[PDB]
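[1] output the structure for:
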Amino acid sequence: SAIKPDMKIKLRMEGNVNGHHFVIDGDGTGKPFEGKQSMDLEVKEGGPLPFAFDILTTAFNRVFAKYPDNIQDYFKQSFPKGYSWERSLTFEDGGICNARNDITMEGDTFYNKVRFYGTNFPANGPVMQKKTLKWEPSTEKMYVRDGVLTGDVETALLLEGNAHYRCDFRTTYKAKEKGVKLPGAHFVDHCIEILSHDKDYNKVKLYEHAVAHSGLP
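    Residues are numbered from 1 along each chain as shown. Please find the structure below.
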């Protein structure tokens, strides 16, 4: 196993949401086999961010997910060469973006080159007014579509005032190494949370727990 029980995480995101440019650095640790990771995020340019930090967080690696013996682990088989993913997020009020991560490994560290581009968010909407509280726990449906491993998520951000703001993610995953065998269809349950933050979310601690299953208890 190229992958140790304790891996470090290094991360730089460059992005633009509704024109606003920003650069964010990440430093964290994770237990790939337990499906748990936590990282410290710091806005380096464009702070304070004039949009809800929450829209970024699923962009800050499915190598951190507990996979049972009876499901092919595409992600942990992708290393040490690594893999990329591209995501389109579609929000109920027309907000749309495209995120991509190119993930590499050097010794005991995952390096993440992340790009995040959002547009079409209404000025008066919860994202540009900062009314989001958190992502609800999700289930990612994994299946193969024209020879590409694809994950679908139908989820929502909880807003101030008991309201939900609906998300649809589609992610395409691709190993760098030709001939990493595709898995069969399956599910990954996700638990993403902001553990702490300063006034304007210039510093954020982020935690994710993920578990792969076939649908049964």
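
[2] could you check how far the residue most central in space within the chain is from residue 138?
    Centre of the chain computed as the mean C-alpha position; nearest residue by CA atoms, centre = their mean is residue 58, 2.8 Å away. Taken as CB to CB, to the nearest Å, the spacing of residue 58 relative to residue 138 amounts to 9 Å. Backbone N, C-alpha and C define where each C-beta goes, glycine included.

[3] for residue 126, phi and psi?
    Dihedral pair for residue 126: phi -60, psi -30, per degrees, to the nearest 10.

[4] now the residue nearest to the centre of the chain. Nearest residue, chain neighbours left out?
    Ranked by CB to CB, 6 or more residues apart in numbering and with sequence neighbours excluded, the top spatial neighbour of residue 58 is residue 192, at 6.4 Å.

[5] which residue ranges of this protein form helices?
    Using DSSP state H, the helices of the chain run over residues 126-129.

[6] number of nearby residues for residue 5?
    Close neighbours of residue 5, defined as other CB atoms under 10 Å, add up to 10.

[7] now do residue 208
    Residues lying near residue 208 (other CB under 10 Å) number 23.

[8] what is it paired to in the beta sheet?
    Beta bridges link residue 208 to residue 37, residue 192, judged by DSSP bridges.

[9] that one: what's it in contact with?
    With contacts defined as CB atoms under 8 Å, 6 or more residues apart in numbering, residue 208 is in contact with 36, 37, 38, 64, 190, 191, 192, 193.

[10] the fifth one and residue 136 touch, don't they?
    No. When contacts are counted by CB atoms under 8 Å, residue 190 is not listed as touching residue 136 (9.7 Å).

[11] more crowded one of the two?
    Neighbours per residue, other CB under 10 Å: of residue 190 and residue 136, the larger number sits with residue 190, 20 against 13.

[12] distance of the more buried one relative to residue 15?
    For residue 190, the distance to residue 15 (CB to CB) stands at 21 Å.

[13] can you tell me what sits against stretch 149-165?
    52, 54-55, 62, 74, 91-93, 126-127, 131-136, 138-144, 166-174, 182-183, 188, 190.
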